[PDB]
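# Report on the structure
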Amino acid sequence: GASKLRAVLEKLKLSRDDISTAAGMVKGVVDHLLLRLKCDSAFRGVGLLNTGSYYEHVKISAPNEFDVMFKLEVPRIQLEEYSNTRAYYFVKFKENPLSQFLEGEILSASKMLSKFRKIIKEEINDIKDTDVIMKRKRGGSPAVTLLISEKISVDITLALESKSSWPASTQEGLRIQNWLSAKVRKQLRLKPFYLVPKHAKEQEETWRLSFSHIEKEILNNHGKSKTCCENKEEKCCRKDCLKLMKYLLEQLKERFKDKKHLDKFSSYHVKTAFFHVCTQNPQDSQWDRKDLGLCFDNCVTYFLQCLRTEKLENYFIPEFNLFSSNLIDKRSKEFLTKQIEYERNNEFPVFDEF
Ligand SMILES: CCCc1cc(=O)n2nc(NCc3ccc(-c4ccccc4)cc3F)nc2[nH]1
Ligand SMILES: [Zn+2]
């Protein structure tokens with residue numbers, strides 16, 4: 001069965017790596033906004049999350065849709081946790097450039113994003129070489145969506161950056177000690193964390209934590225051995241299993257994009273289940289590349305068990321249950337259980353389907 005999966009992976013790589021003018025088109029527009037954004041005192045410190053890497057794709061079944069995050073450092077920062085949600089917070093301070101955005105003691109995501117959209121909206125008309133249209137309609141993150149030419153789309157997200165220790169709700173998260181080491185966990189938790197505009201139970205001016213940089217760093221240094229995937233004897237399939245599970249959710253969502261059943265699920269859920277499995281199976285010997293079909297099945301099985309038991313702890317905030325009844329209702333989880341269980345029983349037709 002691992003042969004059919006490797007074909008799916010090979011076709012995904014082929015569309016990732018093919019020659020495309022799109023990256024320069026996005027980079028051309030993106031570097032314009034960064035220059036213009038910096039002219040404003042409130043956004044003087046804005047910059048790309050991972051500098052050099054604009055080419056981030058949430059959807060791997062659509063290489064035309066891009067996703068860049070603009071970070072903005074906020075020092076002297078102080079957080080208040082909203083409604084015991086463990087993940088949504090108010091931003092308070094201790095002269096700061098974001099003072100035009102306050103409402104009392106609380107930084108207003110509403111006002112900050114409005115100026116953020118305003119600056120971008122003007123700068124993209126000053127680009128008359130290409131027709132760049134700004135998609136509107138409210139939603140905190142992604143703050144804005146641009147359509148460059150036709151069929152090129154960029155989601156721009158603004159994230160606060162804090163160079164302080166992580167919020168107390170992350171104390172028992174990132175449980176990577178027996179997999180990546182306590183030494184690595186110290187190093188990662190020394191890194192900054194980020195805050196993006198988000199509302200629980202989608203209105204309060206709340207921000208949700210984001211550790212995209214931590215996930216990216218782990219994926220590129222991912223074995224218990226330091227030489228994992230550096231030689232022939234130490235080739236693992238951790239990345240392949242994550243790609244296949246992200247692709248499986250996307251394709252099923254496309255299959256039922258006219259329904260509403262999978263609208264509540266996102267890459268967050270499959271990414272979270274995968275990292276839990278890596279914590280369960282910390283040995284490189286449990287992710288051998290020849291065992292790709294068995295390892296992918298184990299990842300699928302864990303996700304189904306999460307669906308049935310309605311328990312998917314956030315990897316960084318263990319008290320946050322992404323599959324709680326309030327967040328996703330039993331009907332949606334039972335539906336996704338039926339589709340995934342069907343797919344596995346028939347060697348996953350959905351990968352071929354779209
Ligand atoms: C490495 C594992 C995947 C991962 C990457 C990453 O970058 N992050 N960043 C946070 N931040 C905390 C957090 C984020 C989203 C939600 C959420 C999501 C949907 C609905 C409601 C709530 C809840 C939360 F507690 N979690 C993660 N997981
Ligand atoms: Zn590896």
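Residues numbered from 1 in each chain as written, not as in the entry; some residues may be left out. Chains lettered and ligands numbered in written order. Heavy atoms only, no water.

- As recorded in the PDB header, X-ray crystallography is the method behind this entry, and the stated resolution is 2.1800 Å.

- The chain goes by Cyclic GMP-AMP synthase in the PDB entry, where it is assigned to Homo sapiens.
- Its official PDB title, as written in the record, is "Crystal Structure of human cyclic GMP-AMP synthase".
- According to its UniProt record, the chain has this under Sequence similarities: "Belongs to the mab-21 family." (UniProt positions renumbered as here; feature names shortened; annotations may be inferred.)

### As for the overall build of the chain
- Counting its secondary structure elements, the chain contains 10 helices and 11 strands.
- Relative to its length of 354 residues, the chain is compact, with a C-alpha radius of gyration of 21 Å against a globular reference of 20 Å.
- Based on the C-alpha atoms only, the size of the chain along its principal axes is roughly 60 × 45 × 45 Å.
- With 354 residues in all, the chain has 48% of them scored as buried. (Helix = DSSP H or I, 4+ residues; strand = E, 2+ residues; numbered from the N terminus. Rg over C-alpha atoms; globule rule 2.2 N^0.38 Å. Buried < 20%, exposed > 50% of the residue type's maximum accessible area, 1.4 Å probe, protein only.)

### Quick notes on the coordination of the zinc ion (ligand 2)
- Only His 222 (NE2), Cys 228 (SG), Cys 229 (SG) and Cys 236 (SG) from the protein reach the zinc ion (ligand 2) as donors, at distances of 2.1 to 2.3 Å.
- One chain supplies every donor to the zinc ion (ligand 2), and in sequence these donors are spaced H-x5-C-C-x6-C.
- Exposure remark for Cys 229: the relative accessible area of 26% places this residue in the partly exposed category. (Donors = N, O, S within 2.8 Å, 3.2 Å for Na, K, Ca; no water.)

### Some remarks on the site of ligand 1
- Neighbouring ligand 1 are 18 residues, the closest being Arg 208, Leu 209, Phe 211, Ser 212 and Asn 314.
- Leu 209 places a polar main-chain atom, nitrogen or oxygen, 2.9 Å from a nitrogen atom of ligand 1.
- Note that a nitrogen atom of ligand 1 is positioned 3.0 Å from one of the side-chain N or O atoms of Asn 314.
- The set of elements that each furnish at least two residues to the shell around ligand 1 consists of β11 (207-210), α5 (212-220) and α7 (267-280).
- If you tally residues by element for the shell around ligand 1, the top one is α7, at 4 residues.
- Shared between two domains, the shell around ligand 1 holds at least three residues of each, these being domain 1 (1-14 + 166-192 + 211-354) and domain 2 (15-165 + 193-210). (Near = heavy atom within 4 Å. Polar contact = N/O pair within 3.5 Å; in protein donor to acceptor, adjacent residues only side chain to side chain. Domains from an automatic or database assignment.)

### Some details on the side chain of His 222
- Looking at where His 222 falls in the secondary structure, it is placed in the loop between α5 and α6 (238-255).
- Within the structure, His 222 has its side chain in polar contact with the backbone oxygen of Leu 219 (distance 2.7 Å).
- Leaving out residues up to four positions away in the same chain, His 222 has contacts with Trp 179, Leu 180, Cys 228, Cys 229, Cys 236, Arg 238 and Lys 239. (Contact = heavy atoms within 4.5 Å.)

### Side note on the UniProt feature "binding site: 2',3'-cGAMP" in the chain
- Within this numbering scheme, the UniProt entry marks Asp 67, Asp 155, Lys 198 and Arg 208 as carrying the feature "binding site: 2',3'-cGAMP".
- Apart from the residues within four sequence positions on either side, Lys 198 is in contact with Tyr 88, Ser 141, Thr 206, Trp 207 and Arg 208.
- At 2.8 Å, the side chain of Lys 198 forms a polar contact with the backbone oxygen of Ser 141.
- You can see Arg 208 is positioned in strand β11.
- Excluding anything up to four places from it in sequence, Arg 208 contacts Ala 87, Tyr 88, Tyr 194, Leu 195, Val 196, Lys 198 and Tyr 268.

### Remarks on empty space enclosed by the protein
- Considering only enclosed or pocket space, the largest cavity measures out at about 60 Å³ in volume.
- What lines the largest cavity is simply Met 245, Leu 248, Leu 249, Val 270, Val 300, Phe 303, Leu 336 and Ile 340.
- If you list the elements that add at least two residues to the lining of the largest cavity, you get α6, α8 (292-309) and α9 (330-345).
- With 3 residues, α6 is the largest single contributor of residues to the lining of the largest cavity. (1 Å grid on protein atoms, 1.4 Å probe; cavity = no way out; pocket = protein on both sides within 12 Å on 5 of 7 lines; lining within 4 Å. Points joined across faces, edges and corners; volume = space filled by probe spheres on them.)

### Considerations on the pattern of salt bridges
- In the structure shown here, the tally under the stated rule is 21 salt bridges.
- Between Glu 161 and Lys 71 there is a salt bridge, with its nearest N and O atoms 3.0 Å apart.
- Residue class for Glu 161 comes out buried when judged on its relative accessible area of 2%.
- On the basis of relative accessible area, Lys 71 is assigned to the partly exposed category, the value being 22%.
- Here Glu 319 ties to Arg 86 by a salt bridge, and the two come within 3.3 Å at their closest N and O atoms. (Salt bridge = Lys/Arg side-chain N within 4 Å of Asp/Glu carboxyl O.)

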